[PDB]
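Q: So I pulled this structure from the PDB, and the sequence comes with it:
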Amino acid sequence: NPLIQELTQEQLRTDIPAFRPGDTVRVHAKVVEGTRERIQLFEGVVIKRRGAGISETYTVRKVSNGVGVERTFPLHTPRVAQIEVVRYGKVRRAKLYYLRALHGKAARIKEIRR
RNA sequence: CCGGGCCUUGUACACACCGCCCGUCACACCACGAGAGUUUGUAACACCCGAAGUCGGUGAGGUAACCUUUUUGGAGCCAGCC
Ligand SMILES: [Mg+2]
Ligand SMILES: [Mg+2]
């Protein structure tokens, strides 16, 4: 594990803010077609971060057209150019898996301003 | 017994009782009903969820007009939230 950290330190990334579960975040996710490269903004609430160092992943939930969507990303990708936090929600949890069963007015996170 | 004539009478008969005519069945057609159910539609009702929008309450964030010091603070407004 020390060797692991020493190896993976260079591919670790530092443009990340210290965001949490509960807080809304936009991901500038770039997708690749081979001929073009398009960034698209996936906004959503963060249900979980999990992992250590470079195995750290986080998921982001959205409700596009009445269909709950849930998109996991590794934290340290070159294919995610920016991670904009836009609300600092308050929760008493780390894993917000209760949000999968709710819809809308009950699935609302209480913003803090901090 | 048959036939004929005269009166009268009843009749749903009038090529006039060798008349008329009821009902079932067979055949063909038509329309309708009931029917295990199946399929559409309307209109409400009881709950759940709930867009936009008005209204109400908040608004430590943002804010050229107003008052203030002018060096900034306020009033008000807005985003946003409920
Ligand atoms: Mg006879
Ligand atoms: Mg019928």
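A: Structure's in. What do you need? Numbers count the residues shown, from 1 in each chain, chains lettered A, B, ... in the order given. Ligands and ions are numbered 1, 2, ... in the order given.
Q: What parts of chain A come near RNA strand B?
A: A:103-106, A:108, A:111, A:113-114 (CB under 7 Å from any atom of the strand). Using the backbone N, CA and C atoms, a C-beta is placed for each residue, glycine as well.
Q: From these, pick the one nearest residue A:87.
A: Nearest to residue A:87 among these: residue A:111, at 4.8 Å, using CB to CB.
Q: any idea how far residue A:69 is from the closest residue to that closest one other than its chain neighbours?
A: Nearest residue to residue A:111 in three dimensions, chain neighbours excluded: residue A:87, at 4.8 Å (CB to CB, 6 or more residues apart in numbering). Relative to residue A:69, residue A:87 is positioned 19 Å away (CB to CB, to the nearest Å).
Q: Check the burial of the residue nearest to residue A:111 by counting its neighbours.
A: 15 (other CB atoms under 10 Å).
Q: Same check on residue A:52?
A: Residue A:52: 10 surrounding residues under other CB under 10 Å.
Q: Ramachandran angles for it?
A: phi -140, psi 130 (degrees, to the nearest 10).
Q: Kindly report the same for residue A:54.
A: Taking degrees, to the nearest 10 as the convention, residue A:54 sits at phi -90, psi -10.
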